[PDB]
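A.B. asks: structure for this input, please:
(chains A and B)
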Amino acid sequence: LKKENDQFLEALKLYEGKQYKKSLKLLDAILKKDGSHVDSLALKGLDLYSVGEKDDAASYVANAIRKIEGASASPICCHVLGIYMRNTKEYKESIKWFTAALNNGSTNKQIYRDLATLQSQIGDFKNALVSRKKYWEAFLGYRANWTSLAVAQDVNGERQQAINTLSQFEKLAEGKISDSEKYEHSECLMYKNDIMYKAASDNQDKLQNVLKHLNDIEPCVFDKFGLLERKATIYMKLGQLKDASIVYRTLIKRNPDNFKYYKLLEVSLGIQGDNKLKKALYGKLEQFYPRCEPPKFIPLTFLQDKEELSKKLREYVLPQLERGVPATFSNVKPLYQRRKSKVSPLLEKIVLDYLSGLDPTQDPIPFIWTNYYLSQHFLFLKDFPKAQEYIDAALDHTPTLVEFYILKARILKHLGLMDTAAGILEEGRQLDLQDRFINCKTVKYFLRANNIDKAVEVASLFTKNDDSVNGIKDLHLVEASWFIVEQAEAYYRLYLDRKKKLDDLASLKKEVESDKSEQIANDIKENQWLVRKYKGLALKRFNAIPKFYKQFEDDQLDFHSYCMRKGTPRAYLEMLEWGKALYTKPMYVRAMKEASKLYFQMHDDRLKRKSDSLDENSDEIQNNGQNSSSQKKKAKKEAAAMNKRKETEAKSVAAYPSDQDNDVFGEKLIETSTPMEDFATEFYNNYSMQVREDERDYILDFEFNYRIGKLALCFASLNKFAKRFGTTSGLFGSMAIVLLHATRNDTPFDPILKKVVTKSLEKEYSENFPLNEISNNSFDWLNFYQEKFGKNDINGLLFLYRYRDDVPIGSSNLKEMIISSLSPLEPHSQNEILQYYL
Amino acid sequence: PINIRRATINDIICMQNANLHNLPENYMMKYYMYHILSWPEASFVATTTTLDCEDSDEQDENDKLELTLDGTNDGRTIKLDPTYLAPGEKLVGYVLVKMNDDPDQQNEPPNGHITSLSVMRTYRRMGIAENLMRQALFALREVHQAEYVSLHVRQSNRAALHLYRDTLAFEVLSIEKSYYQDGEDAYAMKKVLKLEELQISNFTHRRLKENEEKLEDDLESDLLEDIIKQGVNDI
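C.D. replies: Numbers count the residues shown, from 1 in each chain, chains lettered A, B, ... in the order given. Sure, structure below:
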């Protein structure tokens, strides 16, 4: 060990700059003479990972790791390994390697800052505080160190220490602040105010001191919105009402279009009990802002007189109908969610009286806007023929509006006509090809109309077309979600339709002379193969949204240092909250539920087709053999044609690169080994570790914990659901019946778990569900359910129909009851349930 | 309705969805994260608001109302909709504004740069983008002390032209040939910003006849007079 270290030191400068081939050549020349060099292998792994290679880089890194016994080597190798782990989404190993390097003897304090970022990604703040303290004591000439120390002491719990540190820093640097460093300083001041907020509590002297400090720093703080908000909060936490009212009036003068400021002023003034005071206040404020909308929308929520309410509604709808806004119904969208038989008749009467005095030629714009508003109002009131008549009259009057076509497509979708709606919306979109919202709506409605190829062809227009025949790669690079969700649902519907198709084809079973279904089977086989391939592609596309969220969370590497260098601690806390709440999105929950349903269906049908029927030799023959008719050449030609078609299909639906993911066909995802383990270690642990209290889907947790052998979690979730959302829901009774049928000794599980669940049920719910009817086969649970919770619930009936194999409570009677109970709903939902859910 | 507020990070993903329904030139998550964590006192958002309106009561009471499943029973969750932000709140538009930070070897003073302004086409023609731009310019002038503002506009989009050149009254600076991905020419506009002209209180009225009475907000006024229950001016 003499010349190899010199060559490594002379080649390290190539990696330090912007050189890769010259360093790789030197590493190869070194390894050609001695292959047992750990530093050279560790550098070559990172060099191959930084240029594009993945397999060779991982192999070299694994070899370098295996060629290490103790923790006593050069710190450069450990630093390179830490960089590699940081670049390969490995935080624990990177932290361990950096700690081992710093424990050996490194004179580079900046490495400590790296740890201050790494642990900042895993939440380990106990050692992060010490790392920040060391990195601050190492260099005393940058405000980023002070900001990082303040943030670390505020997040942990050292509030007084952070206040003292900020005070000492401001005393030492009083007057030595440049111009560009003023704003940041102001931001820091605001952050200190936030710290003082944590020292506010309910003490009078503390709040007075915070108010005095805020009034003293007001001439120095540049941010005025947050300053005035904190001032109003302090005034509300004390007792001064006039000063708080003045602050809120100043905020309104700064920005009148804000419902939050108006609500806070209403709460501060204490006039929420009397209606005349609020009426006079809003009538006086209307003269100050005649062009706003909250001052005219909020007073429509506490009116009791019918004549006054009608007059206010008329004065609110007259300017909107005169100027013509594409959101008039939106302006009354939330009110319709809270009022109905009391407000909607008066609004309809006013609109009819206004329309009876208009003219289709003198005032065409108010005429068409009144027609659109009437169509919206009737569509909201479950009316369809009159809405279609109004939209047809509007199209005949002025066929140059996209909103009319959008409303027609929405009505046709609500009436179960998806294809006609897609056709009308495409025809309307072809009128002007410059808007993207209408294109996205058309693609979504085509995906909802069992039309995927045309939807993709329409979407492949505004996308960047380079190394692909369509724009699927561009749609995946712009970070999409709704498109994938809407396309996977169409794939699932098309796959479920094939089940009914095969059932109808097998119901004949070659009845008498039925050679038509026997002589024609190649097309059916090709259609089934295509449907299976698209179903696999759907499962492949499902593995994207969680991966996208993981990539978004991992891309916060340089942000931990940027938020401290630029001086944005409040933005850092906001980013932390955003990263913690990432797993609380509705689209994420929907995608996770769909993935769970798919995995459970795959587990079920795999365990069903594993050991069933008989004669495997007569079933594993398939085709590719016509006896004495050249079977080898025929099978070879068939395989060649299938491969040639699959290559073109994969190039058409190309989304992921070939060097990044080889599972393009998706055959390995639909035939995995442990689906439940993968779903728990990839899709469930994150949602379990990052979740609130009231926002928690108990149905998905119950479905996940049912088929694993753990019933205590099921009982806890059921108890929490009954305590939160009450006990008068059909879902509670359905889950209780499912649990009672699962605790039967006939089902192969754990007798101890069944016994403890039975004891818990007998101890908790003793006068709700008969727990002594598990031995009688004549007791019908459907009658008891419809007597207690009733048959009007749809979610409970859907859950009982989904879990009917393990709970024998009938089938035909349940289906008839569901059909009879679905009638007071919308036709499209009824059709979808009868076609797929039933 | 329309509610203007500051662009929070907890919704930027949904904001990106709005981009998918607006300008074709999309951006990655890093772009939006940088522009939302670098200067948060510039970019604003416009969403909806749903509050109470006579709960239960007695005058034509009905417990079978909608209210996004929040009245009686029907659980209490959020509707499956990527455009929603809260049970009764959805985003209708936003405006992203950045500051000059790249080196130019010329000592450029801190100026305003309007990055993007995207509002849903179905929710326009009622004062949204104009208010967002006014609030952004006022916040920049009050906090960052922006000397001027510079932005870009297209050509076929007559709405943006009427909003910037006509409504906001901006001055055209130069013409950039082939700037976007489609190879369409753009107009780079620039206007010197001031402090005594971008006040919101000076733009409370849309149009006027000739000589009206522009009333603003002075000191106290709402806590004066007497109780509106038995006075002279009590209805």
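
A.B. asks: in the helix ranked longest in chain B, what's buried?
C.D. replies: Longest helix in chain B, counting residues (DSSP state H): helix B:129-143. Going by neighbour count (16 or more other Cβ atoms under 10 Å in any protein chain shown), the buried part of helix B:129-143 is B:129, B:131-143. Where C-beta positions appear, they are placed from N, C-alpha and C, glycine not excepted.

A.B. asks: can you redo these as a markdown table with distance to residue B:16?
C.D. replies: Putting those into a markdown table (distance: Cβ to Cβ, whole Å) gives the following:
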| residue | distance to residue B:16 |
| --- | --- |
| B:129 | 18 |
| B:131 | 22 |
| B:132 | 18 |
| B:133 | 21 |
| B:134 | 25 |
| B:135 | 22 |
| B:136 | 19 |
| B:137 | 24 |
| B:138 | 26 |
| B:139 | 23 |
| B:140 | 23 |
| B:141 | 28 |
| B:142 | 28 |
| B:143 | 26 |
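
A.B. asks: just those that are near chain A?
C.D. replies: When contact is defined as Cβ under 8 Å from any Cβ of the partner chain, these meet chain A at B:131, B:135, B:138, B:139, B:142, B:143.

A.B. asks: the inter-axis angle of the strand or helix carrying residue A:226 versus helix B:129-143?
C.D. replies: Following DSSP states H and E, one finds residue A:226 within helix A:225-238. Angle, helix A:225-238 to helix B:129-143, by axes from the mean of the first three to the mean of the last three Cα atoms, to 10 degrees: 90 degrees.

A.B. asks: buried stuff in helix A:225-238?
C.D. replies: Residues A:225-237 are the ones in helix A:225-238 that count as buried (16+ other Cβ under 10 Å).

A.B. asks: likewise for stretch A:64-73?
C.D. replies: Using 16+ other Cβ under 10 Å as the test for burial, stretch A:64-73 gives A:64, A:73.

A.B. asks: ok, residue A:474 - contacts?
C.D. replies: The contact partners of residue A:474, by Cβ atoms under 8 Å, 6 or more residues apart in numbering or on different chains, come to A:463, A:464, A:465, A:468.

A.B. asks: again but with residue A:288, I slipped
C.D. replies: For residue A:288, the contact set (Cβ under 8 Å, 6+ apart) comprises B:204, B:215, B:216, B:217.

A.B. asks: the buried residues of helix A:225-238 also near chain B: which ones?
C.D. replies: Among the buried residues of helix A:225-238, the residues lying close to chain B (Cβ under 8 Å from any Cβ) are residue A:225.

A.B. asks: from the contacts of residue A:288, pick out the ones that also neighbour chain A.
C.D. replies: Checking the contacts of residue A:288 against chain A by Cβ under 8 Å from any Cβ, the ones in range are B:204, B:215, B:216, B:217.

A.B. asks: surely the second one touches residue A:287?
C.D. replies: Spelled out, it's residue B:215. Yes. Counting by Cβ atoms under 8 Å, residue A:287 is a contact partner of residue B:215 at 6.2 Å.

A.B. asks: which strands and helices sit next to the helix holding residue A:226?
C.D. replies: helix A:180-198, helix A:204-217, helix A:241-254, helix A:259-269 (3 or more Cβ pairs under 8 Å, 6 or more residues apart in numbering or on different chains; DSSP states H and E).

A.B. asks: mind jotting down where the helices sit in chain B?
C.D. replies: Remark: helices assigned in chain B by DSSP H are B:12-20, B:29-37, B:129-143, B:158-161.

A.B. asks: so which of those helices is nearest residue A:90?
C.D. replies: The closest of the helices of chain B to residue A:90 is helix B:29-37. By Cβ to Cβ, the value is 20.6 Å.

A.B. asks: thinking again about what came up before, now what about the longest helix of chain B, what contacts it?
C.D. replies: Residues from elsewhere that reach helix B:129-143, judged by Cβ under 8 Å, 6+ apart: A:183, A:186, A:222-225, A:254-255, A:257, B:4, B:41-44, B:46, B:93-95, B:97, B:112, B:114, B:117, B:119, B:146, B:149, B:163, B:167-168, B:193-195, B:198-200, B:203.

A.B. asks: which one of the buried residues of helix B:129-143 is nearest to chain A?
C.D. replies: For the buried residues of helix B:129-143, the closest approach to chain A (Cβ to the nearest Cβ) belongs to residue B:143, at 4.5 Å.

A.B. asks: re earlier: taking the ones next to chain A among the buried residues of helix B:129-143 together, which two end up most distant?
C.D. replies: B:131 and B:143 (18.1 Å).

A.B. asks: show me what contacts residue A:807?
C.D. replies: Residues A:737, A:738, A:741, A:781, A:800 are the ones in contact with residue A:807 under the rule Cβ under 8 Å, 6+ apart.

A.B. asks: what's the helix or strand for it?
C.D. replies: Going by DSSP H and E, residue A:807 is not in any helix or strand.

A.B. asks: got phi/psi on it?
C.D. replies: Note on residue A:807: backbone dihedrals following degrees, to the nearest 10 are phi -120, psi 90.

A.B. asks: longest strand of chain B?
C.D. replies: The single longest strand within chain B, with elements called by DSSP state E, is strand B:89-99.

A.B. asks: which strands and helices sit next to it?
C.D. replies: Packing partners of strand B:89-99 (3+ Cβ pairs under 8 Å, 6+ apart): helix B:12-20, helix B:29-37, strand B:44-47, strand B:112-119, helix B:129-143.

A.B. asks: quick one, the longest one and helix A:241-254 angle?
C.D. replies: Interaxial angle of helix B:129-143 relative to helix A:241-254 (the same axes, to 10 degrees): 120 degrees.

A.B. asks: try the fourth one
C.D. replies: Here the directions of strand B:112-119 and helix A:241-254 differ by 90 degrees (the same axes, to 10 degrees).

A.B. asks: just checking, what packs against strand B:112-119?
C.D. replies: helix B:12-20, strand B:89-99, helix B:129-143, strand B:148-153.

A.B. asks: what residues does stretch B:114-123 touch?
C.D. replies: Against stretch B:114-123 from outside (Cβ under 8 Å, 6+ apart): A:326-327, A:330, A:403, A:406, A:435, A:437-438, B:2, B:18-19, B:21-23, B:35, B:43, B:46, B:92-98, B:128-129, B:132-133, B:136, B:149-151.

A.B. asks: okay, the helix holding residue A:226 in CSV with CA atoms only?
C.D. replies: Output of helix A:225-238 as CSV, limited to C-alpha atoms (Å, rounded to 0.1, in the frame of the first residue of the first chain):
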residue,chain,number,x,y,z
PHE,A,225,-50.2,40.3,6.4
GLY,A,226,-48.9,37.8,8.9
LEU,A,227,-47.9,40.6,11.2
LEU,A,228,-51.5,41.9,11.3
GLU,A,229,-52.9,38.4,11.6
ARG,A,230,-50.7,37.7,14.6
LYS,A,231,-51.7,41.1,16.1
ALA,A,232,-55.4,40.3,15.7
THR,A,233,-54.8,36.9,17.2
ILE,A,234,-53.1,38.4,20.2
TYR,A,235,-55.9,41.0,20.6
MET,A,236,-58.4,38.1,20.5
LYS,A,237,-56.5,36.2,23.1
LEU,A,238,-56.6,39.2,25.4
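
A.B. asks: what comes into contact with it?
C.D. replies: Outside helix A:225-238, the residues touching it (Cβ under 8 Å, 6+ apart) are A:190, A:193, A:197, A:200, A:202, A:204, A:207-208, A:210-211, A:214, A:218, A:221, A:241, A:243-244, A:247-248, A:250-251, A:254, A:264, A:267-268, B:6, B:41, B:139.

A.B. asks: ok, stretch A:111-130 next?
C.D. replies: For stretch A:111-130, contacts defined as Cβ under 8 Å, 6+ apart pick out A:79, A:82, A:86, A:91-92, A:94-95, A:98-99, A:101-102, A:131-132, A:134-135, A:138, A:148, A:152-153, A:155-156, A:554, A:556-557, A:560-561.

A.B. asks: dump the helices and strands packed on strand B:112-119 into JSON lines; add distance to residue A:686 as well.
C.D. replies: Shown next, in JSON lines, are the helices and strands packed on strand B:112-119 (distance: least, Cβ to Cβ, whole Å):
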{"stretch": "helix B:12-20", "distance to residue A:686": "16"}
{"stretch": "strand B:89-99", "distance to residue A:686": "25"}
{"stretch": "helix B:129-143", "distance to residue A:686": "35"}
{"stretch": "strand B:148-153", "distance to residue A:686": "40"}
